[PDB]
>>> print(open('start-v3.cif').read())   # mmCIF, N, CA and C atoms
data_coords
loop_
_atom_site.label_atom_id
_atom_site.label_comp_id
_atom_site.auth_asym_id
_atom_site.auth_seq_id
_atom_site.Cartn_x
_atom_site.Cartn_y
_atom_site.Cartn_z
N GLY J 1 108.03 75.48 105.87
CA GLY J 1 107.46 76.83 105.92
C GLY J 1 107.47 77.29 107.36
N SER J 2 108.20 78.36 107.64
CA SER J 2 108.42 78.86 108.98
C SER J 2 107.42 79.98 109.28
N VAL J 3 107.46 80.42 110.53
CA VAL J 3 106.62 81.45 111.12
C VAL J 3 107.56 82.42 111.85
N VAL J 4 106.99 83.48 112.41
CA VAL J 4 107.61 84.36 113.40
C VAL J 4 107.94 83.59 114.69
N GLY J 5 108.88 82.65 114.62
CA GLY J 5 109.41 81.94 115.78
C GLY J 5 108.60 80.69 116.12
N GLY J 6 108.08 80.01 115.09
CA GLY J 6 107.12 78.92 115.24
C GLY J 6 105.82 79.43 115.87
N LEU J 7 104.89 78.53 116.23
CA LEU J 7 103.67 78.95 116.93
C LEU J 7 103.45 78.28 118.29
N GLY J 8 104.41 77.46 118.67
CA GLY J 8 104.46 76.64 119.87
C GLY J 8 104.35 75.15 119.52
N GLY J 9 104.86 74.74 118.35
CA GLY J 9 104.78 73.36 117.88
C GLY J 9 103.77 73.13 116.76
N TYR J 10 103.30 74.18 116.09
CA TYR J 10 102.23 74.02 115.12
C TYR J 10 102.77 73.36 113.86
N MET J 11 101.91 72.54 113.30
CA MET J 11 102.12 71.73 112.12
C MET J 11 101.71 72.55 110.90
N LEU J 12 102.11 72.13 109.70
CA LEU J 12 101.72 72.77 108.45
C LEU J 12 101.21 71.72 107.47
N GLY J 13 100.08 72.04 106.84
CA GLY J 13 99.36 71.20 105.91
C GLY J 13 100.01 71.19 104.53
N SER J 14 99.47 70.34 103.66
CA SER J 14 99.83 70.31 102.26
C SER J 14 99.19 71.50 101.56
N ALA J 15 99.69 71.85 100.38
CA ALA J 15 99.06 72.85 99.55
C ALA J 15 97.71 72.33 99.07
N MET J 16 96.76 73.26 99.00
CA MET J 16 95.36 73.04 98.70
C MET J 16 94.91 73.96 97.57
N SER J 17 93.73 73.65 97.02
CA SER J 17 93.09 74.47 96.01
C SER J 17 92.18 75.53 96.62
N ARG J 18 91.71 76.42 95.75
CA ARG J 18 90.79 77.49 96.09
C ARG J 18 89.39 76.88 96.19
N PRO J 19 88.69 77.06 97.32
CA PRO J 19 87.28 76.71 97.44
C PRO J 19 86.43 77.58 96.50
N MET J 20 85.24 77.12 96.12
CA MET J 20 84.18 77.96 95.58
C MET J 20 83.31 78.38 96.75
N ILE J 21 83.42 79.65 97.13
CA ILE J 21 82.59 80.24 98.17
C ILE J 21 81.27 80.63 97.50
N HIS J 22 80.23 80.87 98.29
CA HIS J 22 78.94 81.33 97.84
C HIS J 22 78.38 82.38 98.80
N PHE J 23 79.15 83.46 98.93
CA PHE J 23 78.82 84.69 99.64
C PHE J 23 77.38 85.17 99.40
N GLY J 24 76.95 85.17 98.14
CA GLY J 24 75.64 85.58 97.66
C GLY J 24 75.81 86.78 96.74
N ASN J 25 76.79 87.64 97.04
CA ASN J 25 77.03 88.81 96.23
C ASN J 25 77.88 88.42 95.05
N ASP J 26 77.53 88.95 93.89
CA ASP J 26 78.35 88.89 92.70
C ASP J 26 79.62 89.74 92.84
N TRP J 27 79.59 90.81 93.65
CA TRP J 27 80.80 91.61 93.89
C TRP J 27 81.79 90.82 94.74
N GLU J 28 81.32 90.07 95.74
CA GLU J 28 82.21 89.19 96.49
C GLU J 28 82.75 88.08 95.60
N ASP J 29 81.90 87.42 94.82
CA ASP J 29 82.31 86.28 94.00
C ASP J 29 83.38 86.70 92.98
N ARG J 30 83.19 87.87 92.35
CA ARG J 30 84.17 88.51 91.50
C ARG J 30 85.42 88.81 92.30
N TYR J 31 85.33 89.59 93.38
CA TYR J 31 86.48 90.06 94.14
C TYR J 31 87.33 88.88 94.61
N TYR J 32 86.66 87.83 95.09
CA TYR J 32 87.24 86.57 95.48
C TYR J 32 88.08 86.04 94.32
N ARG J 33 87.47 85.84 93.15
CA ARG J 33 88.12 85.32 91.95
C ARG J 33 89.28 86.23 91.50
N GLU J 34 89.08 87.55 91.47
CA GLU J 34 90.06 88.59 91.11
C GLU J 34 91.34 88.52 91.96
N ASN J 35 91.31 87.84 93.11
CA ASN J 35 92.43 87.75 94.03
C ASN J 35 92.70 86.30 94.41
N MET J 36 92.03 85.32 93.79
CA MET J 36 92.01 83.95 94.29
C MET J 36 93.41 83.33 94.32
N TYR J 37 94.27 83.75 93.40
CA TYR J 37 95.67 83.35 93.30
C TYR J 37 96.54 83.87 94.45
N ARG J 38 96.16 84.97 95.11
CA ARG J 38 96.97 85.60 96.17
C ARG J 38 96.75 84.93 97.53
N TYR J 39 95.61 84.27 97.72
CA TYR J 39 95.31 83.60 98.97
C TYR J 39 96.27 82.42 99.22
N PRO J 40 96.47 82.03 100.49
CA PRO J 40 97.32 80.90 100.85
C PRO J 40 96.80 79.60 100.25
N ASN J 41 97.69 78.61 100.15
CA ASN J 41 97.33 77.25 99.77
C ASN J 41 97.44 76.31 100.94
N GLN J 42 98.33 76.57 101.90
CA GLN J 42 98.56 75.67 103.02
C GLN J 42 98.05 76.36 104.27
N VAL J 43 97.72 75.56 105.28
CA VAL J 43 97.22 76.05 106.56
C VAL J 43 98.06 75.40 107.65
N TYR J 44 98.38 76.14 108.71
CA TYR J 44 98.97 75.54 109.89
C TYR J 44 97.86 74.83 110.66
N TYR J 45 98.20 73.89 111.54
CA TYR J 45 97.25 73.28 112.46
C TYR J 45 97.96 72.84 113.73
N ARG J 46 97.22 72.50 114.79
CA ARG J 46 97.77 71.72 115.91
C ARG J 46 97.31 70.27 115.83
N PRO J 47 98.07 69.33 116.41
CA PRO J 47 97.68 67.93 116.48
C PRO J 47 96.30 67.73 117.13
N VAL J 48 95.57 66.68 116.74
CA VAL J 48 94.25 66.39 117.29
C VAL J 48 94.34 65.35 118.39
N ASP J 49 94.38 65.84 119.63
CA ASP J 49 94.17 65.03 120.82
C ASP J 49 93.53 65.88 121.90
N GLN J 50 94.25 66.92 122.33
CA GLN J 50 93.93 67.66 123.54
C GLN J 50 92.75 68.59 123.26
N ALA J 51 92.80 69.31 122.13
CA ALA J 51 91.78 70.27 121.75
C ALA J 51 90.64 69.59 120.99
N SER J 52 90.92 69.17 119.74
CA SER J 52 90.03 68.50 118.79
C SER J 52 88.57 68.99 118.75
N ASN J 53 88.27 69.91 117.82
CA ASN J 53 86.91 70.33 117.51
C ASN J 53 86.89 70.91 116.10
N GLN J 54 85.71 71.19 115.54
CA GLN J 54 85.56 71.86 114.24
C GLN J 54 85.44 73.37 114.46
N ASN J 55 85.40 73.83 115.72
CA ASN J 55 85.28 75.23 116.04
C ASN J 55 86.67 75.79 116.32
N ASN J 56 87.31 75.31 117.39
CA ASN J 56 88.48 75.98 117.94
C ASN J 56 89.70 75.74 117.07
N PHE J 57 89.90 74.49 116.63
CA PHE J 57 90.93 74.12 115.67
C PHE J 57 90.87 75.04 114.45
N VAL J 58 89.66 75.40 114.01
CA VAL J 58 89.36 76.01 112.73
C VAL J 58 89.36 77.55 112.84
N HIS J 59 88.90 78.10 113.96
CA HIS J 59 88.98 79.52 114.31
C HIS J 59 90.45 79.91 114.42
N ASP J 60 91.18 79.28 115.34
CA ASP J 60 92.60 79.51 115.58
C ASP J 60 93.40 79.34 114.29
N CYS J 61 93.05 78.34 113.48
CA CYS J 61 93.69 78.10 112.19
C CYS J 61 93.55 79.28 111.23
N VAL J 62 92.37 79.89 111.18
CA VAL J 62 92.14 81.10 110.41
C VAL J 62 93.03 82.21 110.98
N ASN J 63 92.90 82.55 112.28
CA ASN J 63 93.74 83.53 112.97
C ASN J 63 95.22 83.36 112.63
N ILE J 64 95.71 82.12 112.70
CA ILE J 64 97.10 81.78 112.49
C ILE J 64 97.48 81.95 111.02
N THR J 65 96.85 81.24 110.09
CA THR J 65 97.30 81.24 108.70
C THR J 65 97.20 82.67 108.15
N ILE J 66 96.13 83.40 108.50
CA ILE J 66 95.99 84.83 108.24
C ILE J 66 97.20 85.56 108.81
N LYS J 67 97.54 85.37 110.09
CA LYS J 67 98.69 86.01 110.70
C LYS J 67 99.97 85.75 109.91
N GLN J 68 100.16 84.57 109.33
CA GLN J 68 101.36 84.30 108.57
C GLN J 68 101.29 85.10 107.29
N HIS J 69 100.12 85.17 106.69
CA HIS J 69 99.87 86.07 105.59
C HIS J 69 99.95 87.57 105.97
N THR J 70 99.88 87.97 107.26
CA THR J 70 99.91 89.38 107.69
C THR J 70 101.31 89.87 108.01
N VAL J 71 102.20 88.95 108.38
CA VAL J 71 103.45 89.28 109.04
C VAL J 71 104.57 88.43 108.50
N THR J 72 104.30 87.14 108.35
CA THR J 72 105.28 86.25 107.74
C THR J 72 105.38 86.53 106.22
N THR J 73 104.47 87.34 105.65
CA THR J 73 104.28 87.52 104.22
C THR J 73 104.20 89.02 103.84
N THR J 74 103.33 89.83 104.47
CA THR J 74 103.23 91.28 104.16
C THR J 74 104.52 92.09 104.40
N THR J 75 105.53 91.50 105.03
CA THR J 75 106.81 92.15 105.31
C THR J 75 107.88 91.72 104.29
N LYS J 76 107.50 90.92 103.28
CA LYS J 76 108.37 90.44 102.22
C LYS J 76 107.96 90.96 100.84
N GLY J 77 106.87 91.73 100.75
CA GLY J 77 106.35 92.27 99.50
C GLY J 77 104.86 92.06 99.29
N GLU J 78 104.15 91.36 100.18
CA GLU J 78 102.69 91.26 100.08
C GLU J 78 102.03 92.48 100.75
N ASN J 79 100.75 92.76 100.49
CA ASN J 79 99.99 93.80 101.22
C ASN J 79 98.48 93.59 101.07
N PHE J 80 97.99 92.51 101.67
CA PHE J 80 96.55 92.23 101.78
C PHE J 80 95.84 93.42 102.45
N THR J 81 94.64 93.74 101.99
CA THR J 81 93.77 94.78 102.53
C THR J 81 92.85 94.21 103.61
N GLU J 82 91.92 95.01 104.13
CA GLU J 82 90.87 94.50 104.98
C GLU J 82 90.04 93.51 104.16
N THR J 83 89.56 93.90 102.98
CA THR J 83 88.71 93.05 102.16
C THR J 83 89.42 91.75 101.76
N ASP J 84 90.73 91.78 101.50
CA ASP J 84 91.48 90.57 101.16
C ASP J 84 91.55 89.65 102.38
N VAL J 85 91.77 90.20 103.58
CA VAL J 85 91.77 89.42 104.81
C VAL J 85 90.36 88.88 105.07
N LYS J 86 89.30 89.68 104.88
CA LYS J 86 87.90 89.28 105.05
C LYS J 86 87.54 88.10 104.15
N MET J 87 88.07 88.06 102.93
CA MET J 87 87.97 86.91 102.04
C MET J 87 88.75 85.73 102.63
N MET J 88 89.97 85.99 103.12
CA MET J 88 90.85 84.98 103.66
C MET J 88 90.23 84.26 104.86
N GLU J 89 89.41 84.95 105.67
CA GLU J 89 88.70 84.34 106.80
C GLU J 89 87.80 83.19 106.35
N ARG J 90 87.29 83.25 105.11
CA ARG J 90 86.51 82.17 104.52
C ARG J 90 87.44 81.14 103.89
N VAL J 91 88.39 81.58 103.07
CA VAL J 91 89.19 80.68 102.26
C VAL J 91 89.95 79.69 103.16
N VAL J 92 90.57 80.18 104.23
CA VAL J 92 91.32 79.34 105.15
C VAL J 92 90.36 78.52 106.01
N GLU J 93 89.12 78.96 106.26
CA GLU J 93 88.15 78.18 107.01
C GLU J 93 87.90 76.91 106.21
N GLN J 94 87.43 77.04 104.97
CA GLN J 94 87.17 75.93 104.06
C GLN J 94 88.35 74.97 103.98
N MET J 95 89.55 75.51 103.83
CA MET J 95 90.77 74.73 103.77
C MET J 95 90.98 73.97 105.09
N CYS J 96 90.91 74.64 106.23
CA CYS J 96 91.19 74.05 107.53
C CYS J 96 90.04 73.19 108.06
N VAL J 97 88.81 73.35 107.54
CA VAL J 97 87.71 72.41 107.69
C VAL J 97 88.20 71.08 107.14
N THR J 98 88.67 71.04 105.89
CA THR J 98 89.19 69.80 105.34
C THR J 98 90.42 69.34 106.10
N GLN J 99 91.38 70.22 106.43
CA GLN J 99 92.59 69.81 107.13
C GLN J 99 92.25 69.15 108.47
N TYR J 100 91.31 69.72 109.23
CA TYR J 100 90.74 69.11 110.42
C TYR J 100 90.23 67.71 110.10
N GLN J 101 89.32 67.56 109.13
CA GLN J 101 88.76 66.26 108.80
C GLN J 101 89.84 65.25 108.40
N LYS J 102 90.81 65.65 107.56
CA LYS J 102 91.94 64.83 107.16
C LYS J 102 92.68 64.35 108.40
N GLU J 103 93.15 65.26 109.25
CA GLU J 103 93.94 64.91 110.42
C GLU J 103 93.15 64.03 111.39
N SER J 104 91.87 64.32 111.62
CA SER J 104 90.99 63.51 112.43
C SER J 104 90.84 62.11 111.86
N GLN J 105 90.52 61.96 110.57
CA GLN J 105 90.39 60.66 109.94
C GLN J 105 91.73 59.94 110.04
N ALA J 106 92.84 60.58 109.70
CA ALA J 106 94.15 59.96 109.71
C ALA J 106 94.61 59.58 111.13
N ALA J 107 94.06 60.20 112.17
CA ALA J 107 94.23 59.77 113.55
C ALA J 107 93.30 58.58 113.83
N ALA J 108 91.99 58.80 113.76
CA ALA J 108 90.94 57.86 114.15
C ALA J 108 90.97 56.56 113.35
N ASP J 109 91.23 56.67 112.05
CA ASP J 109 91.34 55.58 111.09
C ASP J 109 92.77 55.07 110.99
N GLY J 110 93.71 55.82 111.58
CA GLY J 110 95.09 55.43 111.76
C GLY J 110 95.97 55.81 110.57
N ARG J 111 95.40 56.39 109.51
CA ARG J 111 96.02 56.57 108.20
C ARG J 111 96.85 57.86 108.15
N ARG J 112 97.75 58.07 109.12
CA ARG J 112 98.63 59.23 109.22
C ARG J 112 99.44 59.37 107.94
N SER J 113 98.98 60.25 107.05
CA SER J 113 99.44 60.38 105.68
C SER J 113 98.75 61.61 105.07
N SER J 114 99.15 62.79 105.55
CA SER J 114 98.69 64.10 105.12
C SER J 114 97.17 64.24 105.05
#
>>> encode(input="start-v3.cif", output="structure tokens")
Amino acid sequence: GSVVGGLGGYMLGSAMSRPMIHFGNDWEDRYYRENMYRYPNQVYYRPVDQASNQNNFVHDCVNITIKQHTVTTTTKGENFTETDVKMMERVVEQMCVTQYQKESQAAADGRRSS
């Protein structure tokens, strides 16, 4: 899975499932579900050595995977709205929270295996 000219060496995760978010609003929970199939399954990441945190890895990951959904995708027939992107800021966070933990464990525990 490519990008607009790579991202400077960024890696790409395995496909993932949809998180159950708990926004609090029934309109969000509905809207989320009404579009849950359109959200990404995979997230880009950087390797865990130089940066390594649950903040910066995960913020940038949202910015990035969203950007691929904004430009690598909206120029091929997609057209996410503000509200769809606002949902995506959560969906990719949850995904890249796990991707961070996976990559960290697979580094620290040595189990380099997605």
>>> residues_around(input="start-v3.cif", residues="segment 7-11 of chain J", least_positions_apart="2", cutoff="7 Å", atoms="all atoms listed in the file", output="ChimeraX atom specification")
/J:3-5,13,43-47
>>> residues_around(input="start-v3.cif", residues="residue 62 of chain J", least_positions_apart="6", cutoff="6.5 Å", atoms="only N, CA and C atoms", output="MDAnalysis selection string")
chainID J and resid 89 92:93
>>> atom_distance(input="start-v3.cif", atom1="atom N of residue 70 of chain J", atom2="atom C of residue 15 of chain J")
17.8 Å
>>> residues_around(input="start-v3.cif", residues="segment 52-54 of chain J", least_positions_apart="5", cutoff="8 Å", atoms="all atoms listed in the file", output="PyMOL selection string")
chain J and resi 46-47+59+96-97+100-101
>>> atom_distance(input="start-v3.cif", atom1="atom CA of residue 24 of chain J", atom2="atom CA of residue 65 of chain J")
24.7 Å
>>> residues_around(input="start-v3.cif", residues="segment 76-81 of chain J", least_positions_apart="5", cutoff="10 Å", atoms="only C-alpha atoms", output="CSV table (one decimal) with N, CA and C atoms, in the coordinates of the input")
chain,number,residue,atom,x,y,z
J,35,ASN,N,91.3,87.8,93.1
J,35,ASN,CA,92.4,87.8,94.0
J,35,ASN,C,92.7,86.3,94.4
J,38,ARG,N,96.2,85.0,95.1
J,38,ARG,CA,97.0,85.6,96.2
J,38,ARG,C,96.8,84.9,97.5
J,39,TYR,N,95.6,84.3,97.7
J,39,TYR,CA,95.3,83.6,99.0
J,39,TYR,C,96.3,82.4,99.2
J,66,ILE,N,96.1,83.4,108.5
J,66,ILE,CA,96.0,84.8,108.2
J,66,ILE,C,97.2,85.6,108.8
J,69,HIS,N,100.1,85.2,106.7
J,69,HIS,CA,99.9,86.1,105.6
J,69,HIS,C,100.0,87.6,106.0
J,70,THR,N,99.9,88.0,107.3
J,70,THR,CA,99.9,89.4,107.7
J,70,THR,C,101.3,89.9,108.0
J,71,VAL,N,102.2,89.0,108.4
J,71,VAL,CA,103.4,89.3,109.0
J,71,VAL,C,104.6,88.4,108.5
J,86,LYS,N,89.3,89.7,104.9
J,86,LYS,CA,87.9,89.3,105.0
J,86,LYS,C,87.5,88.1,104.2
J,87,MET,N,88.1,88.1,102.9
J,87,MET,CA,88.0,86.9,102.0
J,87,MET,C,88.8,85.7,102.6
J,88,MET,N,90.0,86.0,103.1
J,88,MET,CA,90.8,85.0,103.7
J,88,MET,C,90.2,84.3,104.9
>>> atom_distance(input="start-v3.cif", atom1="atom CA of residue 12 of chain J", atom2="atom CA of residue 42 of chain J")
6.9 Å
>>> select_by_dssp(input="start-v3.cif", residues="chain J", states="strand (DSSP E)", output="list in words")
residues 11, 12, 44 and 45 of chain J
>>> closest_residue(input="start-v3.cif", among="J:94, J:41, J:68, J:2", to="residue 20 of chain J", atoms="only C-alpha atoms")
J:94
>>> axis_aligned_box(input="start-v3.cif", around="segment 18-22 of chain J", padding_each_side="6 Å", output="lines of an AutoDock Vina configuration file")
center_x = 85.0
center_y = 79.4
center_z = 97.2
size_x = 25.3
size_y = 18.0
size_z = 15.2
